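Remarks on the structure that follows.
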Amino acid sequence: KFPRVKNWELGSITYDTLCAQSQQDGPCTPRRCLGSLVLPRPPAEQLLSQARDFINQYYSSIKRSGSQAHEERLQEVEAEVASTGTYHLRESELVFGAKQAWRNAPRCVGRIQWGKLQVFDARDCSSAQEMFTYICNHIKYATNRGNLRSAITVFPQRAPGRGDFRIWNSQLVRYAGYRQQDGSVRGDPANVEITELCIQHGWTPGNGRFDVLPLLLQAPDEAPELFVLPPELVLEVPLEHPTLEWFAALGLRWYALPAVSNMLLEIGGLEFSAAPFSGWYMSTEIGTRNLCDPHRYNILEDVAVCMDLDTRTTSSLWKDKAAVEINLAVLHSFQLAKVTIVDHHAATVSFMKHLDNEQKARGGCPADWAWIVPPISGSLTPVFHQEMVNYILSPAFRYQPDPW
Amino acid sequence: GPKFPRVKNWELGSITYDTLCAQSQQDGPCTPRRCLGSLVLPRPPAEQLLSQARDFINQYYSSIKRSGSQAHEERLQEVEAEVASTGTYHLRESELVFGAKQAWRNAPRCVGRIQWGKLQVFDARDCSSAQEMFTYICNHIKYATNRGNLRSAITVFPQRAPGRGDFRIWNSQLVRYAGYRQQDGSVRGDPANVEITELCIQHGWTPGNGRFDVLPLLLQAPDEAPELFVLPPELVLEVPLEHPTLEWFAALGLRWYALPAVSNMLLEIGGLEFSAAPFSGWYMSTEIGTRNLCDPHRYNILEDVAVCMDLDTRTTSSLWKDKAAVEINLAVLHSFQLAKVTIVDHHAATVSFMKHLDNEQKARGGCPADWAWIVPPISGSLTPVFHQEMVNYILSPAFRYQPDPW
Ligand code: HEM
Ligand code: HEM
Ligand SMILES: N=C(NCCC[C@H](N)C(=O)N[C@H]1CN[C@H](C(N)=O)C1)N[N+](=O)[O-]
Ligand SMILES: N=C(NCCC[C@H](N)C(=O)N[C@H]1CN[C@H](C(N)=O)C1)N[N+](=O)[O-]
Ligand SMILES: C[C@H](O)[C@H](O)[C@H]1CNc2nc(N)[nH]c(=O)c2N1
Ligand SMILES: C[C@H](O)[C@H](O)[C@H]1CNc2nc(N)[nH]c(=O)c2N1
Ligand SMILES: [Zn+2]
């Protein structure tokens, strides 16, 4: 019926009634739970109902529900869909839908911010070089000289028979992954495949550990085009430790803008295949996952040895000790270069709050517990002790197959 | 591709398919709509019992590789017969030892299952008094503690009988510290155990007033109220905590006992229900160092230790919490090793769980696991299980949560 959600630190309890608004289905069934899985796997009347629904959400949003503008706007969709098999959104609606899609992202812990979102309408894009410009402006704006501002740029919606506008990169900014001689990897290992694809389309490789990749933009039914980002637009932070003078000597650095760009944005039945978004980092994304994942830059042991720790046995907790300093380094550095960042403590505190604001406003909030809880010190944060319910609401950000 | 859940390990990029989940008879709390996987708690007539038992029986004979044999089909007859003429039935010695290990083996929340086949099953289905219950438990503790070289073990008391009252152990663990509710509102000792401390007092226990007073046991024989027994201190091995380099840590006077013994879980085998069947293994350092000692609603010693470390607990970005939490855990590890009591850190522990997964994959086609519970309270993505996806589902035999007997 309705799930009972309990917080074991405060002993408080709520009842998620929002989950009932879930139209789309998840991986789990009563026989078994697959919530820890990272990845998973729409005709005439389906669209119309998704559209009506979203238009209803829109007008309830501005309070002018069931009014005239609503009834008429509902006729516009009906008419357009019935004649062309599809329809279009209006700037204001698109702005509402985007914000909604972010508000419903179950894996996002920065949703307390869902209200302030700079929505750029790039639906009038007709070429990869045009895409490049939009993408470049997003960056200038979002970055704001280290004073980050969450933004999104929405490109032409998908269309039957025509190919999808796509940004081939995972994020607008990433470091190359050069699979070398001995099967080893120089740079960021999660970017080997994409770094090759760029070379293959005529990119002159590099030889560093932090070579900022070029963007492959794709306009409908046309092979992808290569564009280089103006070194100036791409802000970066040099990592140095507060008390460890020797840290900086590691040359570690990381870009300031986190901007996923391969996710599909779905609103009122429409699918936007290229709609990059960015807010700001949570220290642990850089210091824990990006730099300490064994299959990433995996610098855990180096910093360990540098700290003269006992890498001999696990029980010395060298890994833990080293991981904490690496995160501290990030927080210090970013805070030194006056670039927006939020540690996992402050961040989870705010999400905890967001769950409260949401409990009041919608009777619940979708959350993926395994993703909301930081990669280090989970139990030390309020979120670890909070039960969560996870379901799919729309508007929504979804995953989509790579364009190759 | 294969028509079973596809599981990926993102560190190694390897894949497997869980074909074992197909054996799950009991449905969980999730639905194709919403996932209730992060929740800790979410909630059998004659004819239904028979089928549960036939299932177990088949399971038994297969473990001894004799499915379809004479003993097997002759044993199934026996079970039907007995249930038919009495409404219930009994397990043979080795059938009990087999279910008890399958219960552990199936336990989706235990990261220590690699040891599943090494469990020591003490039968106690002959026990008939609360007093005797105390004797059994004392032996268990003595054997399991074994002076520090801990040994997996479980004592099984009489199974639920129609009408008659259950055998129960009121405490949540054979060994727990007292939770003294003060006047100002605070709690001296372990808040987790406030209710059980009040239940022991209401029953005649003369409380102390320490931060670590070992609770006495409230044992319950069928239909009788619970008798109150006090564990002899000599039996309850404990470990005083101290840091390997922070000389002042030993000054906090923090201590923890060596034996983790859950005792209020119902052990269910082939339909039968064993309301009192305490089991114990040994600690994973994070249980003490991060949960019991650092949780906000527990001892809550994070601020204290942070202050001792001269940390800036005024701002979060200083990571004072992450800093102290680490030293505390290290102190749990160090002190245990020093005192030669068995313990396993979250690194070794999780690594051994990956091995268990690889093993069980080849033996049964999968392994039911609760991600949120397998992944450690700290340093999560530094341990390999974080990077391992996993399927969760209920298999039987099993350990189930059960309502408090009051
Ligand atoms: C304002 C700052 C924000 C913070 C601190 C924040 C933080 C996070 C974090 C840490 C994650 C998980 C990251 C990972 O492990 O890959 C996440 C996921 C996500 N966030 Fe946010 N976020 C913010 C803004 C945004 C914005 C502007 C959007 C979209 C409009 C957004 C959409 C999402 C989505 C869709 C995911 C899930 C991505 C996936 O499934 O891989 N976030 N966010
Ligand atoms: C021998 C070493 C063992 C280790 C290191 C180990 C470790 C763990 C850990 C870390 C937990 C989670 C504790 C928590 O977060 O509350 C756990 C849960 C569990 N373990 Fe083990 N365990 C061991 C032995 C046993 C034994 C012998 C049994 C049973 C015969 C067992 C049954 C379970 C069960 C049922 C749970 C989950 C209980 C619940 O849901 O609250 N474990 N174990
Ligand atoms: N704070 C963030 N963080 C999102 C950063 C993305 C993350 N660092 C990343 O590399 N994402 C990849 C890898 N894992 C995701 C997946 N589902 O596989 C995509 N977002 N924002 O817009 O402000
Ligand atoms: N190592 C253990 N550990 C068991 C850990 C018990 C844990 N310290 C505890 O107090 N468990 C309670 C509180 N939370 C669980 C629940 N479901 O509410 C039970 N078991 N063993 O047999 O060796
Ligand atoms: C297998 C498991 O689902 C996977 O490793 C998840 C766990 N939690 C995560 N949490 C966040 N924020 N980001 C991730 O990429 C992951 N990976
Ligand atoms: C709310 C959430 O389910 C709860 O805090 C869980 C998370 N993971 C856990 N994992 C383990 N091993 N033990 C616990 O007690 C918990 N508590
Ligand atoms: Zn689930």
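Protein sequences, first through last, are from chains B and A. Numbered according to PDB author numbering, the first sequence spans residues 69 to 109, 120 to 482. Numbered according to PDB author numbering, the second sequence spans residues 67 to 109, 120 to 482. Think of the CB as a built atom: it goes at the ideal place given N, C-alpha and C, for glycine as much as any other residue.
Where residue i falls: helix, strand or coil (DSSP)
i: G193 of chain A; result: helix
i: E303 of chain A; result: strand
i: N340 of chain A; result: coil
i: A183 of chain B; result: coil
i: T231 of chain A; result: strand
i: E310 of chain B; result: coil
i: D380 of chain B; result: helix
i: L409 of chain A; result: helix
i: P316 of chain B; result: strand
i: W281 of chain B; result: coil
i: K218 of chain B; result: helix
i: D398 of chain B; result: helix
i: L152 of chain A; result: helix
i: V159 of chain B; result: helix
i: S356 of chain B; result: strand
C-beta neighbour in chain A for residue i, strict 9 Å
i: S472 of chain B; result: no
i: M360 of chain B; result: no
i: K416 of chain B; result: no
i: residue 114 of chain B; result: Absent from the coordinates is residue 114 of chain B, which sits in the stretch where chain B moves from 109 straight to 120.
i: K177 of chain B; result: no
i: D84 of chain B; result: yes
i: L458 of chain B; result: yes
i: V451 of chain B; result: yes
i: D93 of chain B; result: yes
i: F462 of chain B; result: yes
Neighbour flag for residue i against chain B, beta carbons, 9 Å
i: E379 of chain A; result: no
i: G103 of chain A; result: yes
i: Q413 of chain A; result: yes
i: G441 of chain A; result: no
i: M466 of chain A; result: yes
i: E77 of chain A; result: yes
i: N225 of chain A; result: no
i: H373 of chain A; result: yes
i: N405 of chain A; result: yes
i: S228 of chain A; result: no
i: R476 of chain A; result: no
i: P336 of chain A; result: no
Residue i, enclosing alpha helix (DSSP H) - first and last residue
i: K438 of chain A; result: 422-440
i: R130 of chain B; result: 122-139
i: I470 of chain A; result: From DSSP, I470 of chain A is part of no alpha helix (DSSP H); its letter is neither H nor E.
Within 9 Å, strictly: CB atoms of residue i and residue j
i: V338 of chain A; j: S248 of chain A; result: yes
i: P479 of chain A; j: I345 of chain A; result: no
i: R257 of chain A; j: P298 of chain A; result: no
i: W358 of chain B; j: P336 of chain B; result: yes
i: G441 of chain A; j: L86 of chain A; result: yes
i: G456 of chain B; j: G103 of chain A; result: no
i: residue 114 of chain B; j: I133 of chain B; result: Missing from the coordinates is residue 114 of chain B; the shown part of chain B jumps over it, going from 109 to 120.
i: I454 of chain A; j: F429 of chain A; result: no
i: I272 of chain B; j: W246 of chain B; result: yes
i: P98 of chain B; j: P108 of chain B; result: no
i: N182 of chain B; j: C101 of chain A; result: no
i: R244 of chain B; j: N340 of chain B; result: yes
First and last residue of the uninterrupted beta strand (DSSP E) at residue i
i: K416 of chain B; result: Per DSSP, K416 of chain B belongs to no beta strand (DSSP E) and is neither H nor E.
i: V270 of chain B; result: Taken as a continuous stretch (DSSP letters only), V270 of chain B belongs to no beta strand (DSSP E), being part of the alpha helix (DSSP H) at 270-278.
i: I364 of chain B; result: From DSSP, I364 of chain B is part of no beta strand (DSSP E); its letter is neither H nor E.
i: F350 of chain A; result: 348-350
i: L86 of chain A; result: Premise fails: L86 of chain A is in no beta strand (DSSP E) and is neither H nor E.
Of all residues in the structure, which have a C-beta closer than 7 Å to any heavy atom of ligand 4, taken in chain order?
A:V106, A:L107, A:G188, A:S248, A:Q249, A:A268, A:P336, A:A337, A:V338, A:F355, A:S356, A:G357, A:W358, A:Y359, A:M360, A:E363, A:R367, A:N368, A:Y477
Quick check on the contact list: which residues have their beta carbon closer than 5 Å to a heavy atom of ligand 7?
B:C96, B:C101, B:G103, A:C96, A:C101, A:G103
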